[PDB]
Amino acid sequence: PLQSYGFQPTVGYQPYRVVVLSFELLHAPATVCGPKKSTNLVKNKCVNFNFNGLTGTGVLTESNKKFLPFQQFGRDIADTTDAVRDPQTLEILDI
Amino acid sequence: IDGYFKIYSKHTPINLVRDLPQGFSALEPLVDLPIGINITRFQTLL
Ligand SMILES: *[C@@H]1O[C@H](CO)[C@@H](O)[C@H](O)[C@H]1NC(C)=O
């Protein structure tokens, strides 16, 4: 036992076409977000950079470090983000 | 670990006889992906 839309094809009984995107925030580790503006990298002058979520200020001078594919970014002794992998190019930039 | 089930693989040309010699070879993460479920039992098929 149910009902049925009485959709006569002729004036104020026009329905609407709906899609609802319901959200959750406590079910698991986060799996969906939005795109982040891939602003062009700038070399040899001090800039405000944010790579892979790592935030800092410095000079992204060119480097050719041999980062392994799984190495999302790099560091050095004393826990300093000396190097980083700039994405969209798999290139390494020395901070 | 912490929801992210992490998958590691490593293929080596060791062909028996040695019976697990010194395995100084490292173990890179082939993929690190968010499943999000606790595990305490398994069985390896063949
Ligand atoms: C992603 O990587 C490809 C590699 O061919 C590159 O052409 C593209 O510019 C990169 N970024 C975007 C905008 O998808």
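Line by line, the protein sequences give chains A and B. Using full-length UniProt numbering, the letters of the first sequence correspond one by one to residues 491 to 500, 503 to 587. Using full-length UniProt numbering, the letters of the second sequence correspond one by one to residues 197 to 242. In this text, a Cβ means the ideal position worked out from N, Cα and C, and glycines have one as well.
What do you reckon, are the CB atoms on residue i and residue j nearer than 9 Å?
| i | j | result |
| --- | --- | --- |
| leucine 552(A) | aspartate 578(A) | yes |
| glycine 545(A) | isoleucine 587(A) | no |
| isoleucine 569(A) | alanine 575(A) | no |
| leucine 229(B) | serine 205(B) | no |
| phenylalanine 565(A) | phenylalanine 543(A) | yes |
| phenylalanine 562(A) | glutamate 224(B) | yes |
Along the chain, where does the beta strand (DSSP E) containing residue i start, and where does it finish?
| i | result |
| --- | --- |
| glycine 550(A) | 546-550 |
| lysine 202(B) | 200-204 |
| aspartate 574(A) | From DSSP, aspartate 574(A) is part of no beta strand (DSSP E); its letter is neither H nor E. |
State the DSSP-derived secondary structure class of residue i, mapped to helix, strand or coil.
| i | result |
| --- | --- |
| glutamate 583(A) | strand |
| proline 230(B) | strand |
| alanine 222(B) | coil |
Tell me the start and end of each unbroken beta strand (DSSP E) in the segment 508-569 of chain A that is at least 3 residues and wholly inside, in chain order.
539-543, 546-550 and 553-555
Taking a cut-off of 7 Å, which residues have a beta-carbon closer than that to any heavy atom of ligand 1, in chain order?
Residues whose Cβ lies closer than 7 Å to any heavy atom of ligand 1, listed in chain order: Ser530(A) and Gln580(A).
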